[PDB]
Every structure is written in C-alpha cells, then in structure tokens.
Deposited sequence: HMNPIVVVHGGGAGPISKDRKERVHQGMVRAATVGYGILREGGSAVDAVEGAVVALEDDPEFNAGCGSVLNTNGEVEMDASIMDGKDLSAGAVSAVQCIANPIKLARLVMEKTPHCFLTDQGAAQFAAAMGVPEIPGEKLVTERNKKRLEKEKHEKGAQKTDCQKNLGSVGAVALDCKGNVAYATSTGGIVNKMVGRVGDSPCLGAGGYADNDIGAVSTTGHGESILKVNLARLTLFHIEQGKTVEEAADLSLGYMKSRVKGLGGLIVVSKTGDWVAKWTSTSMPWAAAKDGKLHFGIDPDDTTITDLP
C-alpha cells in the first residue's frame, strides 16, 4: 500500500512580516498535523484535506473562514471546494455568508446532493437544512481586516491541501475569502473545479493559490495535471503551468501537488507561499524560496 502524504498551503501573496511569520509557521504545522493524524490512522484523502483546510478556516491569520478578507461592503463572502480523485465526485460553494467552515459545506454538497456547486442564497439554504449553525458577521471579521479594507479603499490568498491515502486515493480541498474590496458576489477560482484545484486518482491532485482571475482563465490546476499526464516530473509541471500563467495572462501565485505515485512539491511565482508537508513522520515547512525546514512529527 501507499505511503500517505498531506500537503498544505496558505496564500501565494506578497512578502510577510517576520512577526506574522511565526503565527503563520504554527498555523501551517497545525493544519498539516490534523491531516497527517487522520491519514496515519488509515483514514481517507477527503477527510484529511477537509481536516487541514478546516484548521486554517478557524485560524484568523489565514484568508479563509474567520480572518477572511473584506469585500467592498466590509463583509465576508466565502468560497470553497473539495474533490475525490476516485470517482471525481466533487462539491463547492460560492459567496456563502455567516458560517464557520465553508469547506464542510462543500463536502456536504458532495455527499448529500446530486449537484456539485451551490451559491450565495441556495448554499445558505442547504446549510439550514443540514443544520449548519448560522452566526453573525463580526465573528469572522478581524480588526486587521477592517484596517486593510480602508487601505485599498482610500487609495493572504487562498488556502488548501492535497492528499494521498494508504488506499491510494487522492483529494484536494480549497477555501478563501476572495480579495480585498472585491465586488459583491465576486466568485474566485477557489470553487471552480480545474482552476482552484483538481483531483484524479490516475494522476495526482493540486491546490492552487494566487490571482484568481488568472487562475480561472488558464485552468491552472488541471493544466498542472496535463503536464504530468505527458509524463513530466511534478516539479517541471508546476513550473510549466505557473510559467504559462505568468507569460500568458500576467499572473502570479502558487500551488501544491501530489502525484498518484507519492512524489509532491510546493512551488510559486508570487513572492511567498506558506506551505507544509507531512510524509514518513517528517514535516516540511516554509514560506520563501529555498528556505525549507524539516522537523519530526508524531
């Protein structure tokens, strides 16, 4: 049987201050631990990435769940998606408001409905009948996010995880608040199968982050896979696809990928992308290029 692995990422974004790097280090290791945990018990690729993403949704350092950036109206409107490489079963939501964990609801969409994509008010109604707790806006809002909003007015990207399990299934999960002063009801790549992620057992899985208009226009995650189906290393593929994204539509960001045969990589063309990976009891972490650290992980 396979050796399981989880890979996680934060924003493919600008350079991050070195106090915020510490809470970022700890948050990444956390999400990674919840996913590896579940795996190491022979659990599924789907639950692990869901585990991991959920831990970054509940952390206000990251641009997903609580700590989601604010739209034009200073409100949190969130996107998330999930996919299982075995059946290509999938679930997603756009523009959801007033809940803790948009990624759970994507998973609720994947397994309770014969659809794959619910948005704004219809997602919010599905939530009610699944009894998702509806909570006030402020509980997701951080004082940092109000400040940053007046900055781009008076003139931290997606989060995600990929996994391979001890059975050989892969999955991806993605979630985000979108972007600062985004138009109302703006939908990013994070809920667009192929763009914000893809998962196929006969290939591998990918979670992306960056400029989401760019990402959607090149189908960045499925493109990364196209390079692997042509038999490139995982490294090369990400580099062709990220490299295509730069040269064709002037777009920066990054992605994490795991192929069906065990290998995995975290690459980016933006400045920094927090990331972590947990395989064989070692944990791999980093933010800036060629700055990795390996630790041990129970």
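Coordinate coverage of the deposited sequence breaks once, at 156 to 166, a segment carrying no C-alpha atoms.
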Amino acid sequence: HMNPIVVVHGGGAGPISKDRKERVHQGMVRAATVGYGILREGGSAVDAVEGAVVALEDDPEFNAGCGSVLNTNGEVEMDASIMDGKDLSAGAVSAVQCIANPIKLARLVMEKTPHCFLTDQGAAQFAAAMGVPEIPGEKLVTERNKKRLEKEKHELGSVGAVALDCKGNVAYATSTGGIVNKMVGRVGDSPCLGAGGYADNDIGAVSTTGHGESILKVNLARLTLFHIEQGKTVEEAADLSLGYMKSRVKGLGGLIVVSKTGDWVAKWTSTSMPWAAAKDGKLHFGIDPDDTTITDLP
From here on, numbers count along this sequence of modelled residues.
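Between 156 to 164 and 210 to 218, the higher mean Cα B-factor belongs to 156 to 164. Higher average CA B factor: 229 to 237, of the stretches 254 to 262 and 229 to 237. Which of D202, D189, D84, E134 has the largest Cα B-factor in the deposited entry comes down to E134.
Among the modelled residues of the chain, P274 sits in the lowest third by CA temperature factor in this PDB entry. Ranked within its chain, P114 lands in the middle third, by CA B factor from the PDB record. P102: CA B factor in the middle third of modelled residues in this chain (values from the PDB entry).
Ranked within its chain, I38 lands in the middle third, by CA B factor from the PDB record. For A32, the recorded CA temperature factor ranks within the middle third of the chain's modelled residues.
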